[PDB]
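Encoded as structure tokens, the following chain is the form deposited in one PDB entry, with no partner shown.
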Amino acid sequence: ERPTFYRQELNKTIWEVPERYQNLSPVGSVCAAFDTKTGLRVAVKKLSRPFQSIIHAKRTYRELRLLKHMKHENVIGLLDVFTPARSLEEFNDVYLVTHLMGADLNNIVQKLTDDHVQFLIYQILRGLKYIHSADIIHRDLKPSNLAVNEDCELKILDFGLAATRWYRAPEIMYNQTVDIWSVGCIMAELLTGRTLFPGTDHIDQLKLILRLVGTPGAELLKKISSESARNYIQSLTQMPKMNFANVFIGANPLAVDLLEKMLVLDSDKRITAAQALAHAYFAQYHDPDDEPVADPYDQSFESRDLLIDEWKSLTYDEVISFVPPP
């Protein structure tokens, strides 16, 4: 049942795709490919040297596993996976095909409507609810891995894999609430058009992050663990928690309330993805009957730290066995 493939040299690499797909422009490297089968615009990704290190081989089995498992309206889904290789010992290339959306949330920023922010933030949180229910953290949610079409249907890309310190959670710079800090950072920018914390250095970010949320209180200074984390907080000036209204001028009161609860340093007391959906701000979008959870993902392969050759064969079988969904 193997069809026929074709070569093309792009950006110093050889894209070897079947006849089924045509035209490949960069949008490792992801091409904007036009389908001739369903006549849609599919996303075609060719990975960065998939098995040329032990981690690359693991980041490949995980990515393909994560994708052949997630099934949610706001989470990228796998349509196809292929290899130009005819056998197992010739398998060194992996291709992943999804749906291609318009652009990203970084591209839709601009002064945004509170109802347009309502609909995107709701989609992000509903997408995280189905991701978190399968025990997975994005850890680097930025508007660039939040793809949107023309109708504002949103899909989360690049979950569970990984100027740059802009959206990182304080406790990580552990807990699913790491992505809730990123959600608040995107929402703040959508409501205005200004990066809440656009810091350059690792330390400066923490000084900018604590400039709005305040300095960690007596309760948290006891909760805190790390010596350098303790000896940096006590080395930086005393800062009180700022009023969100004073910075979030004109914004919907229920939008100012969510962000205040979202952007707290306390991980044990940070609003969850499931909890944030039933919040007053999303009263129009919320519906408990159409908010799906995830069918258990076999994360047993993580505790294993085997050899390249073993990862490759596991990745090999998930490609052969793959059944294309309607």
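From 1 onward, residues are counted along the sequence shown. Whichever C-alpha set is largest while still superposing within 1.5 Å between the two forms counts as the rigid core.
FYI, the form deposited in another entry isn't displayed, but the following is about it.
Chemist: If you fit the two forms on their rigid core, which residue out of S144, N243, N149, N92 shows a CA shift of at least 2 Å between this form and the one not shown?
Modeler: Only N92 moves by 2 Å or more at its C-alpha.
Chemist: After core superposition, I'd like to know whether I54 moves between this form and the one not shown (criterion: C-alpha shift of 2 angstroms or more).
Modeler: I54: C-alpha displaced by 2 Å or more between this form and the one not shown.
Chemist: Quick check: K37 between this form and the one not shown - does its CA shift reach 2 Å or more after fitting the rigid core?
Modeler: Shift of 2 Å or more: yes.
Chemist: Return yes or no for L254: a CA shift of at least 2 Å between this form and the one not shown, with the rigid core superposed?
Modeler: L254 C-alpha, core-superposed: shift of less than 2 Å.
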